[PDB]
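As a starting point, one isolated chain is supplied in structure tokens, in the form deposited in one PDB entry.
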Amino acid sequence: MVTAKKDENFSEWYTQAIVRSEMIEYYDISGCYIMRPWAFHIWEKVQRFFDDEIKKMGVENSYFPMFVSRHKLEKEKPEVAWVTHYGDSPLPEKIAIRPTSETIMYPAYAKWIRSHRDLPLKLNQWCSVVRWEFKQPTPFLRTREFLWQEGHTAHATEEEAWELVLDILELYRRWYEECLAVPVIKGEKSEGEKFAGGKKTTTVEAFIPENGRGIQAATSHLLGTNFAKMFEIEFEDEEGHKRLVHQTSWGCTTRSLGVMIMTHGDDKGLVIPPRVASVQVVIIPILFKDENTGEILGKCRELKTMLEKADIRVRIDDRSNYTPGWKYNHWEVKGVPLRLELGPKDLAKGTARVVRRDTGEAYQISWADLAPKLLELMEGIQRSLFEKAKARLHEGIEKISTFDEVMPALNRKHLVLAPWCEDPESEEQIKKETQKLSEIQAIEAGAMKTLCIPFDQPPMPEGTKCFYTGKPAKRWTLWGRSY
């Protein structure tokens, strides 16, 4: 049983939820966590979805090395792990473990791209990267090693690369919202937050109500020609002139599982959206000692067969050594969206009892309706999870016009949406001031930064001033405390 309450000790609740459901295991190297099959299966599902979608765009998978030479990493010139010795033997030149693969892939890119006919070049890989920070890790959300995909494309024109950046960002919206039922906000990162060496960084941002923090959910960068200049990636037009390619890179990580967990979980533990649950329906037979158990289990198997014909993912928990009470809790903690109960009374009526994980609502369903009804219930659970989260997201954002409204909204664990002049020095000043005010507050018991400049801009009245400098406002920006 999960016992910490999500709304009272959030970090303990999260730890319990992911450990008791068998999603993660601890490890003797700090900041690394084991992903057990119950979490792993969800990764496999979103991985298959995203793979299928990028294949339709002509992206192909590949595999580049996990090591990068010191001097190719220096061509770009920090949380980088260095390998220095093969066993006992010191290396002649230390090599780093990839934190990202731009400097690993792009010398190959330069070799492969010769003519405009070679473009676009579109590659992805699934692997893990390492970012070795000493700060406190958080399972899924901030870990020293994490699984991701990174996609890396090259085009003849800037407009083609930017269209691809936005197509991918839309795939990331679908990954969170369609697969994980997590609402996200599209937008552009500020100049100070954008990717090192990139031209423009787009993001989808999510929000964790319980601690008021925004979290970057996925990212899609217009690199433009910046890395092409660095690595001499050029193509020939049909007339023979050499031109720089225009590039994109984009990535999504197992952080997405963390965000799903926190968005949908409740005081009983995990709640997994039907579209990614590896077990959508757990069938629990009632097994009175004074019953035809063989008949009950037989009907369970028949119902499994029937539901699987509709591509529903079913498990029968027929263990006689645990009570139905124990099983209910066990599969609740694990987040299975639908529980189906079959005992002698149901068998005699030709119905089953079905309980949905998100609300506890129970239904009596005849066996003949079971597949279409469960399909409909699963789509309804998925939509409900998403819409309720969308409502919490919207309740979480305060639209302000002056800096004096910031700290009251932060103290409500809200994000703010404010008219901003987009001066980078002002973002630095806002970070430092809000951090100071937070510290001063904590003495009586930090920083607010930009999360993104949303694509969907509310109306900007003609003379509106930046909320912090009083200069002309340029656009609405979303700010908050952040991961």
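Numbers follow the displayed sequence, beginning with 1. C-alpha atoms forming the largest set that superposes within 1.5 Å between two forms make up the rigid core.
Missing-residue comparison: residue 78 falls in the unmodelled set for a third or more of the other PDB entries checked. In the record comparison, residue 443 is unmodelled in at least a third of the other entries of this protein that model the residues flanking it. Coordinates are lacking for 4 to 9 deposited residues between residue 77 and residue 78. A chain break between residue 445 and residue 446 is present, corresponding to 4 to 9 residues of the deposited sequence without coordinates. The PDB entry reports B-factors from which the mean C-alpha value can be compared for 316 to 324 and 278 to 286; the larger average falls on 316 to 324.
The stretch 107 to 115 shows the higher mean C-alpha B-factor when 168 to 176 is compared against 107 to 115 in the entry. For the set 243, 334, 388, 373, the PDB entry puts the maximum C-alpha B factor at 243. If you compare the C-alpha temperature factors of 154, 83, 306, 272 in the entry, 83 comes out highest.
In this PDB entry, residue 92 carries a Cα temperature factor that places it within the highest third of its chain's modelled residues. Annotation for residue 419: C-alpha temperature factor in the highest third relative to the rest of the modelled chain, per the entry. The PDB entry assigns residue 32 a C-alpha temperature factor belonging to the middle third of its chain's modelled residues. Per the PDB record, residue ranking by Cα B-factor puts residue 430 in the highest third of the chain.
Per-chain ranking of the deposited C-alpha B factor places residue 205 in the lowest third.
There is another form of the same protein, the form deposited in another entry; it is not shown, and what comes next is about it.
For the residue set 323, 411, 402, 359, core-aligned C-alpha shifts between the shown form and the other one reach 2 angstroms or more at a single site, 323.
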